[PDB]
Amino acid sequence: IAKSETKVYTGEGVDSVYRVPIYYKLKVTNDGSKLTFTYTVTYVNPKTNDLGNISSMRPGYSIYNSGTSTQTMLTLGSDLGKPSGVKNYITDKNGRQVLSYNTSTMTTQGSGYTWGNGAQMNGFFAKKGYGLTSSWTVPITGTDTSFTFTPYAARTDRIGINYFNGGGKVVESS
């Protein structure tokens, strides 16, 4: 008898340049041995599956989905171990991988973790309904599997303007 539990979190912010919604999705699966995290930033509204406005973003515009050490992405409860590397890739509308980027190194900053700059997405993809996706695992060693995740998106120049604020924290207790 294998058992697992999955939560999907979604939220929304504002791209300052194009004045459009920008969205994130975070899927977290707990199978008893580890938490698997999948984090996607996209212009496709997860509620409707409709792509945002309006064709008028240039192809070489580009965004990151992780801050560097401008901000902590992830904090972990007492019975979660060290996160793996963070795989980075572009996903299509159905979440299947289109191409892959360098795997990032998860490091500690502050009370939690970040990974640093690695992948980006450019209008040439955002406009196809694609997302910029990162995934990693964290071992479970006991009962306190709480965590918080803070989403991030910014154009590759000007790393300081997080499109999500970033006051849109995901907080899971235990």
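A residue's number is simply how far along the shown sequence it sits, counting from 1.
Engineer: Out of 59-67 and 108-116, which stretch has the higher average CA B-factor listed in the record?
Structural biologist: Higher mean C-alpha B-factor: 59-67.
Engineer: Look up the CA B-factors in the entry and say which stretch, 45-53 or 132-140, has the higher mean.
Structural biologist: For C-alpha atoms only, the mean B-factor is higher in 45-53.
Engineer: Based on the deposited C-alpha B factors for this chain, I'd like to know if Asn162 is in the lowest, middle or highest third.
Structural biologist: Answer is middle: the recorded C-alpha B-factor places it there.
Engineer: Using the B-factors in the PDB entry, rank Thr150's C-alpha atom against the chain and give the third, lowest, middle or highest.
Structural biologist: CA B-factor rank for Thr150: lowest third.
Engineer: Sorting the chain's modelled residues by C-alpha B-factor, tell me whether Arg96 ends up in the lowest, middle or highest third.
Structural biologist: As the PDB entry reports it, the C-alpha B-factor of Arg96 lands in the middle third of its chain.
Engineer: So where's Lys7 on the chain's Cα temperature factor ranking, which third?
Structural biologist: Lowest third, going by the recorded CA B-factors of the chain.
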